[PDB]
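Colleague: pasting the first chains of the complex, positions unchanged:
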Amino acid sequence: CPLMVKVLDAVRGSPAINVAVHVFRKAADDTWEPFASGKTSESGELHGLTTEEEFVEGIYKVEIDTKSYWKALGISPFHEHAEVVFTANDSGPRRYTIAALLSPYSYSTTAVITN
């Protein structure tokens, strides 16, 4: 509902399918506590991670398991994983889409935040 992750593949020009994605919430002691996870679908999307009630303000980290993705395709990649670390803010719009565009030695990420 309030958080969606979309992952695309810049080598093949396709969604990045069956990519593991883990979301963590920063705890008061500065550790990363598991929050939600899943695998991207055939459309490269991961829906249903959280609910509005659970997704309170705070710092979150989205870890995308890019290394496993590339290796399953027979490609040696540079990065251990990709990270997206951000603050959820109630003063801004209410739906967050985190998009990532993957290449073996590079990635790009953006946020699309809408009401």
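Modeller: Okay, I see it. Residues are numbered from 1 along each chain as shown, chains lettered A, B, ... in the order given.

Colleague: Any figure for the gap between the residue sitting furthest away from the middle of chain A and residue A:60?
Modeller: The C-alpha centroid of chain A is most remote from residue A:29, which lies 23.1 Å away (Cα atoms, centre = their mean). Residue A:29 sits 16 Å away from residue A:60 when distances are taken as Cβ to Cβ, to the nearest Å. C-beta coordinates here come from the backbone N, C-alpha and C atoms, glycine included.

Colleague: With residue A:92 instead?
Modeller: Where residue A:60 is concerned, residue A:92 sits at a distance of 14 Å (Cβ to Cβ).

Colleague: Comparing the two, which shows the higher neighbour count?
Modeller: Neighbour count, other Cβ atoms under 10 Å: between residue A:92 and residue A:60, residue A:60 has more, with 22 against 12.

Colleague: from memory the more buried one sits against residue A:25, does it?
Modeller: Yes - if you go by Cβ atoms under 8 Å, residue A:60 and residue A:25 touch, sitting 5.7 Å apart.

Colleague: Overlap of the contact sets of the two?
Modeller: Common contacts of residue A:60 and residue A:25 (Cβ atoms under 8 Å, 6 or more residues apart in numbering): residue A:35.

Colleague: what's stretch A:10-23 in contact with?
Modeller: A:3, A:5-9, A:34-46, A:49-50, A:60-66, A:68-69, A:72-73, A:75, A:100-104, A:106.

Colleague: distance between that stretch and the chain's centre?
Modeller: Taking the mean of its C-alpha atoms, stretch A:10-23 sits 10 Å from the chain's own mean (Cα atoms, centre = their mean, to the nearest Å).

Colleague: Using the three-state scheme, assign residue A:97.
Modeller: strand (DSSP: H, G, I helix; E, B strand; the rest coil).

Colleague: OK, contacts around it?
Modeller: The contact partners of residue A:97, taken as Cβ under 8 Å, 6+ apart, are A:4, A:5, A:6, A:111, A:112, A:113, A:114.

Colleague: Which pair of those spans the longest distance?
Modeller: A:5 and A:114 (15.0 Å; Cβ to Cβ).

Colleague: So which of these two has more stuff around it?
Modeller: residue A:5 (23 against 9).

Colleague: throw chain B onto that model:
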Amino acid sequence: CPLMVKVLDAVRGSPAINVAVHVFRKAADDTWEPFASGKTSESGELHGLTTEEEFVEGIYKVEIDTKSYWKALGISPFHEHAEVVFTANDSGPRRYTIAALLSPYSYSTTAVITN
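Modeller: Chain B added:
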């Protein structure tokens, strides 16, 4: 149907709404002939540009009017427009999404081609 364009704004973290997009097809004499056009919606998307019957193999150019977009927001941008020039190939998958991510001095574009 076979072609969708999606435009995002990296400054505001939002769809790029009401952006003019023009599609051209390369003619036999190497000129660019108008093919389809429209304005992105509230979701940053432009649907309905063409049909499967009309969208034959060939070289196409998608011109995104980024300059007008930025100026309507009060921002001075670098580029006159953004371009995406590609060949449509029937041997590949059947739906083309062209995505563009805009900043004042930079843009990024990818193709997502699915069946």
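
Colleague: Tell me the secondary structure at the residue farthest from the centre of chain A.
Modeller: Secondary structure for residue A:29, judged by three-state DSSP, is coil.

Colleague: Look up how far residue A:5 lies from it.
Modeller: The spacing between residue A:29 and residue A:5, counted by Cβ to Cβ, is 26 Å.

Colleague: for residue A:106, same thing?
Modeller: Residue A:106 sits 19 Å away from residue A:5, going by Cβ to Cβ.

Colleague: Residue A:50 now?
Modeller: Here the criterion is Cβ to Cβ. By it, residue A:50 lies 11 Å from residue A:5.

Colleague: Tell me the residues of chain A that contact chain B?
Modeller: Counting by Cβ under 8 Å from any Cβ of the partner chain, chain A comes close to chain B at A:8, A:10, A:13-15, A:43-44, A:93, A:99, A:101, A:108, A:110-114.

Colleague: Go through these and name the one nearest residue B:55.
Modeller: Checking those against residue B:55 with Cβ to Cβ, the nearest one is residue A:13 at 16.8 Å.

Colleague: what's the burial count for that closest one?
Modeller: Residue A:13: 17 surrounding residues under other Cβ atoms under 10 Å in any protein chain shown.

Colleague: Check residue A:12 too.
Modeller: Residues lying near residue A:12 (other Cβ under 10 Å) number 14.

Colleague: wait, isn't residue A:9 in contact with residue A:102?
Modeller: Yes - using Cβ under 8 Å, residue A:9 is in contact with residue A:102, at 5.7 Å.

Colleague: Could you count how many residues lie near residue A:106?
Modeller: 11.

Colleague: I'd like to know how far it sits from residue A:17.
Modeller: Shown here: residue A:106 relative to residue A:17, a distance of 20 Å by Cβ to Cβ.

Colleague: now do residue A:86
Modeller: 24 Å.

Colleague: ok, and what's touching stretch A:77-88?
Modeller: A:55-67, A:69-71, A:96, A:98, A:100, A:102, A:104-105, A:107, A:109, A:111 (Cβ atoms under 8 Å, 6 or more residues apart in numbering or on different chains).

Colleague: Let's see that with 7 Å instead.
Modeller: Here stretch A:77-88 makes contact (Cβ atoms under 7 Å, 6 or more residues apart in numbering or on different chains) with A:55, A:57-67, A:70, A:98, A:100, A:104-105, A:107, A:109, A:111.

Colleague: could you also fit chain C onto it:
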Amino acid sequence: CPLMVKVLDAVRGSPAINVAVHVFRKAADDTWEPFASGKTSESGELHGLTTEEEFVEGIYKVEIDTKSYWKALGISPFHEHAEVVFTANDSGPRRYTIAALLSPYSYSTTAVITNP
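Modeller: Time to bring in chain C:
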């Protein structure tokens, strides 16, 4: 340099070497006139395209021949080329670096502009 182009390869984690680049300038009749061309070096850089005298005000198109680059590597890419179209030197002379980052189905570009 008044105009420098740098190209990187996101698949190999390297400079993109031997990339052909053609620069055009819009003429008074609205056509695109050939302005300069060259190839990226071993470092992915292309220097020496123009001079401060020659690089007058105008609308310039930097065409990076990405398909020719990928095809020369035996890869079938999506785009024909990567374009950067911009007005230059309209507030006096500036130095422009146009950078591009290439993948078979995607590219990114940015500009770095300095005032000498």
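
Colleague: since we added chain C, can you redo the contacts of stretch A:10-23?
Modeller: Against stretch A:10-23 from outside (Cβ under 7 Å, 6+ apart): A:5, A:7-9, A:34-40, A:42-44, A:46, A:49, A:60, A:62-65, A:68-69, A:101-104, B:110-114, C:10-11, C:78, C:103-106.

Colleague: which one is residue A:84 nearest to, not counting chain neighbours?
Modeller: Leaving out its chain neighbours, the residue that sits closest to residue A:84 by Cβ to Cβ, 6 or more residues apart in numbering or on different chains is residue A:62, at 4.3 Å.

Colleague: I'd guessed that neighbour sits against residue A:4; true?
Modeller: No - assessed by Cβ atoms under 7 Å, residue A:62 is found out of contact with residue A:4, at 10.7 Å.

Colleague: The two - which one has more neighbours?
Modeller: Shown here are residue A:62 and residue A:4; by other Cβ under 10 Å, residue A:62 has more neighbours (24 against 17).

Colleague: So that one lies in a strand, does it not?
Modeller: Yes - under three-state DSSP, residue A:62 falls within a strand.

Colleague: for it, what are its contacts?
Modeller: When contacts are counted by Cβ under 7 Å, 6+ apart, residue A:62 is found next to A:5, A:21, A:23, A:84, A:98.

Colleague: The third one pairs with what?
Modeller: Following DSSP bridges, residue A:23 is listed with bridge partners residue A:36, residue A:62.

Colleague: What's the local residue count around it?
Modeller: Counted with other Cβ under 10 Å, residue A:23 comes out at 22.

Colleague: ditto for the fourth one
Modeller: By other Cβ under 10 Å, the residues close to residue A:84 number 19.

Colleague: part of a helix, is residue A:69?
Modeller: Yes - judged by three-state DSSP, residue A:69 forms part of a helix.

Colleague: so who does residue A:75 touch?
Modeller: residue A:104.

Colleague: which bits of chain A sit near chain C?
Modeller: With Cβ under 7 Å from any Cβ of the partner chain as the criterion, chain A meets chain C at residues A:10, A:11, A:12, A:13, A:78, A:101, A:103, A:104, A:105, A:106, A:108.

Colleague: Determine which two of these are furthest apart.
Modeller: By the measure Cβ to Cβ, A:13 and A:78 form the most distant pair in those, at 19.8 Å.

Colleague: ok, residue A:94 touching residue A:3?
Modeller: No - at 10.5 Å, residue A:94 does not count as touching residue A:3 under the criterion of Cβ under 7 Å.
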